[PDB]
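Engineer: Next input, structure requested:
(4 chains)
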Amino acid sequence: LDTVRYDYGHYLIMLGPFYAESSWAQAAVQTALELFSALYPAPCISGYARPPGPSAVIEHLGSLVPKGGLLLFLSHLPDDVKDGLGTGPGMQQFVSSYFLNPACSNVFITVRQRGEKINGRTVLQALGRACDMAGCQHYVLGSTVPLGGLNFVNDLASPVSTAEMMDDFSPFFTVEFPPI
Amino acid sequence: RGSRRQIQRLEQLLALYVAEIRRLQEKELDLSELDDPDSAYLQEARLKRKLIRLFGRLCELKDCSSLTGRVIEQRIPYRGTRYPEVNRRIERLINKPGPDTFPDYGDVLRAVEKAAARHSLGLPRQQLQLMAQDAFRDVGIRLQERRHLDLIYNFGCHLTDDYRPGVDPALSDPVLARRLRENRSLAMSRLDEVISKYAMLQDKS
Amino acid sequence: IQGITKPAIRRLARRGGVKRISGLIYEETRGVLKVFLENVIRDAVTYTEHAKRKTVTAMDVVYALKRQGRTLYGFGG
Amino acid sequence: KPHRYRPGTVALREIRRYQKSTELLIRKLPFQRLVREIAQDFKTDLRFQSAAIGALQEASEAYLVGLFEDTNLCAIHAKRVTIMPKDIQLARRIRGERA
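Structural biologist: Residues are numbered from 1 along each chain as shown, chains lettered A, B, ... in the order given. And now the structure:
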């Protein structure tokens, strides 16, 4: 992968579903990425991080971030986890149950969208198309931000726009990262 | 669409203003440059204003109403009484436009006795004032940390932007740590003695 | 000797949710302001010349702010 | 919920910081000159970044509003009474430190 510097205000995406089973899904994510580099050949990914693996999701997300933290939305969570919502930091505990402990076959990426529509596609959209065609699920979780380690906003009511994820939003249910 | 061609020249002009705003933000100033009304700082502020009103021009040019991405904007809802239409009158503290919308105890008591009177509650001055105090401190604090939050969101520039908390130089070089413990000592000493200075000064009354 | 505006201060006050003020409070805020800056710059410069530099940096000032107790708390994690 | 605008050539967080900066209360020459006064004070002669004056102002007013917020946050009254260093010292007595 080509890289670009990490500054605040990029998008956080997760590529995958929610040996053996993990071997199929793998073939898709790395496929989509390649396709992406083809479909949109301009270096927008800052901070791909798998490592070390297999490791609990929040730990994966730990090595993704050099500065500040992330803020992600509850509507843009995977429908499997989103469904277990439908009660305050009482639900902080649950969303920790789904997004803290479980170990991922997934790839976490941070892409930067700067102007420059290529062909028809945007960054998020060329990753949209390269992902679908590659037969790969992708969730755009939230954006990269100066404050806090991990910040969820209550998105469940009205969803946020594909595009409007960079605004300020004032979270509840904030989660510190791990150590090293 | 020949006009749609013109609106992007305004957009990249925006891009240009931000180029020169960062070029000025870097420019460094000695003391005599710091007495200057034409200094790189004040130039940078003239440029920031000319930018924001170009942006406003442009906003009212696309019908899109002028505002950008701040926690100030969202109305902050409050039901902290057990009584929802006291929270009707109270929840619009904020309906008042922009910054400077922030009450004192008197305002909250006027709105809670407003919702007490015209809705006709009829409860003693006792628990009425418990509701007014509980609410005032509650939303006082919520509002405060909402403002603070907006601060740590958008603070400084691209220079302050790149900051890791744990590359702090004081960590590897304890001589520096020594010096800084010293300065913080001094700092708190001074703060407290100036506050108490004007206390025991205003005692002259 | 000219100061900074009596209205601007009545306006910081007004922003804090405060209506009107005792006269001498005007100059108190002046005093308080100047103490603050002192011990931020004092700390900023401490960095600047420790790192042996002829210029005080916006980064130096961040490192100083975050050292001021609650002031910048929350920034950059 | 009327419509809203995101421009292509400029990141928002930049535009929000610029609009934040144009919002500051104190005039910027008075400030610039107060930093002069403190530098000529400290006998340190160093060039300052203009970015660093920026940080200093944003942070200062943060602290001041912070003190008025703190002082009004403990006011319990029969009517509006004008605010005096009695009150600021009491507010600081209760909470303290910064803002």
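Engineer: Isn't residue A:140 up against residue A:78?
Structural biologist: No. The pair residue A:140 / residue A:78 is not scored as a contact, 11.3 Å apart, by Cβ atoms under 8 Å. C-betas here are computed from N, CA, C, even on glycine.
Engineer: Could you check which of those two is surrounded by more residues?
Structural biologist: residue A:140 (20 against 17; other Cβ atoms under 10 Å in any protein chain shown).
Engineer: For chain B, just list every one of the helices.
Structural biologist: Ranges of helices within chain B are B:4-26, B:31-35, B:40-61, B:86-91, B:105-117, B:125-153, B:158-161, B:174-202, based on DSSP state H.
Engineer: Buried residues, the first one. List them.
Structural biologist: Same thing as helix B:4-26. By 16 or more other Cβ atoms under 10 Å in any protein chain shown, the buried positions in helix B:4-26 come out as B:11, B:14, B:17, B:18, B:21, B:22, B:24, B:25.
Engineer: Check which helices and strands the strand of greatest length in chain A is in contact with.
Structural biologist: Determined from DSSP state E, the single longest strand within chain A is strand A:138-145. If you count contacts as 3 or more Cβ pairs under 8 Å, 6 or more residues apart in numbering or on different chains; DSSP states H and E, strand A:138-145 packs onto strand A:11-15, strand A:69-73, helix A:123-133.
Engineer: next SSE after that strand?
Structural biologist: strand A:150-153 (DSSP states H and E).
Engineer: near chain B, anything from whichever helix or strand comes after that next one?
Structural biologist: As assigned by DSSP H and E, the chain's next helix or strand after strand A:150-153 is strand A:172-175. No. Residues of strand A:172-175 contacting chain B under Cβ under 8 Å from any Cβ of the partner chain: none, with a closest distance of 11.2 Å.
Engineer: hmm, strand A:172-175 touching chain C?
Structural biologist: No. Using Cβ under 8 Å from any Cβ, strand A:172-175 never reaches chain C; the gap is at least 10.0 Å.
Engineer: longest helix in the chain, by residue count?
Structural biologist: The chain I'm using is chain A. Counting residues, the longest helix in chain A under DSSP H turns out to be helix A:21-39.
Engineer: That was the other one, I meant chain D.
Structural biologist: The helix spanning the most residues in chain D, taking DSSP H as the definition, is helix D:50-73.
Engineer: what's the neighbour count on residue D:70?
Structural biologist: Residue D:70 has 23 neighbouring residues, counting by other Cβ under 10 Å.
Engineer: From residue B:93, how far out is the closest residue to it other than its chain neighbours?
Structural biologist: Spatial nearest neighbour of residue D:70, chain neighbours left out: residue D:91 (4.7 Å); criterion: Cβ to Cβ, 6 or more residues apart in numbering or on different chains. Using Cβ to Cβ, to the nearest Å, residue D:91 is found at 21 Å from residue B:93.
Engineer: quick one: contacts for the residue nearest the centre of chain B?
Structural biologist: By Cα atoms, centre = their mean, chain B has its centre lying nearest to residue B:147, at 4.6 Å. Neighbour list for residue B:147: B:72, D:65, D:69 [criterion: Cβ atoms under 8 Å, 6 or more residues apart in numbering or on different chains].
Engineer: Just list the residues touching the second one, thanks.
Structural biologist: This means residue D:65. Per Cβ under 8 Å, 6+ apart, neighbours of residue D:65: B:147, C:12, C:15, C:16, D:99.
Engineer: Any buried residues in stretch C:68-77, and which?
Structural biologist: Within stretch C:68-77, the residues that count as buried by 16+ other Cβ under 10 Å are C:68, C:71, C:72, C:74, C:75, C:76, C:77.
Engineer: circling back to that earlier point, so what are the sheet partners of the longest strand of chain A and their directions?
Structural biologist: Using DSSP bridges, strand A:138-145 pairs in its sheet with strand A:11-15 (antiparallel), strand A:69-73 (antiparallel).
Engineer: Make a markdown table from the ones you listed and add distance to residue B:170 to it.
Structural biologist: A markdown table is the format used below for the strands paired with strand A:138-145 (distance: least, Cβ to Cβ, whole Å):
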| stretch | distance to residue B:170 |
| --- | --- |
| strand A:11-15 | 31 |
| strand A:69-73 | 22 |
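Engineer: Please produce JSON lines containing those, extended by mean neighbour count and distance to residue D:28.
Structural biologist: Formatted as JSON lines, the strands paired with strand A:138-145 follow (neighbours: other Cβ atoms under 10 Å in any protein chain shown; distance: least, Cβ to Cβ, whole Å):
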{"stretch": "strand A:11-15", "mean neighbour count": "23", "distance to residue D:28": "35"}
{"stretch": "strand A:69-73", "mean neighbour count": "24", "distance to residue D:28": "32"}
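Engineer: coming back round to it: just the buried residues of helix B:4-26 now: which is nearest chain C?
Structural biologist: Nearest to chain C among the buried residues of helix B:4-26, counting by Cβ to the nearest Cβ, is residue B:25 at 7.9 Å.
Engineer: which residue packs closest to the closest one, ignoring adjacent ones?
Structural biologist: Nearest residue to residue B:25 in three dimensions, chain neighbours excluded: residue D:51, at 4.6 Å (Cβ to Cβ, 6+ apart).
Engineer: ok, back up a step: take the helices of chain B and write them to a markdown table, including distance to residue A:32.
Structural biologist: Converted to a markdown table, those look like this (distance: least, Cβ to Cβ, whole Å):
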| stretch | distance to residue A:32 |
| --- | --- |
| helix B:4-26 | 32 |
| helix B:31-35 | 53 |
| helix B:40-61 | 37 |
| helix B:86-91 | 46 |
| helix B:105-117 | 54 |
| helix B:125-153 | 32 |
| helix B:158-161 | 31 |
| helix B:174-202 | 48 |
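Engineer: Of all the ones you listed, which one is nearest residue A:172?
Structural biologist: Taking Cβ to Cβ, helix B:125-153 is the member of the helices of chain B nearest to residue A:172, at 11.3 Å.
Engineer: In contact with residue D:25, which residues are there?
Structural biologist: When contacts are taken as Cβ under 8 Å, 6+ apart, residue D:25 is in contact with C:8, C:11, C:12, C:15, D:61.
Engineer: what does residue B:138 give?
Structural biologist: The contact partners of residue B:138, taken as Cβ under 8 Å, 6+ apart, are B:78, B:80.
Engineer: CA-only coordinates of stretch A:54-70 in CSV, if you can.
Structural biologist: Taking Å, rounded to 0.1, in the frame of the first residue of the first chain, the C-alpha atoms of stretch A:54-70 are listed here in CSV:
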residue,chain,number,x,y,z
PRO,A,54,-5.2,-12.2,16.2
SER,A,55,-6.1,-9.4,18.6
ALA,A,56,-9.1,-7.9,20.3
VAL,A,57,-10.7,-5.2,18.2
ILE,A,58,-9.9,-2.2,20.4
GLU,A,59,-6.3,-3.3,20.5
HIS,A,60,-6.3,-3.4,16.6
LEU,A,61,-7.7,0.2,16.7
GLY,A,62,-5.0,1.1,19.1
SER,A,63,-2.1,0.7,16.7
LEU,A,64,-4.1,2.5,14.1
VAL,A,65,-3.8,6.0,15.8
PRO,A,66,-0.5,8.0,16.4
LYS,A,67,-2.2,11.1,17.7
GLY,A,68,-5.5,12.0,19.3
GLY,A,69,-8.1,9.4,19.0
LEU,A,70,-11.3,8.4,17.1
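Engineer: What are the buried residues along stretch B:197-204?
Structural biologist: Within stretch B:197-204, the residues scored as buried using 16+ other Cβ under 10 Å are B:198, B:199, B:202.
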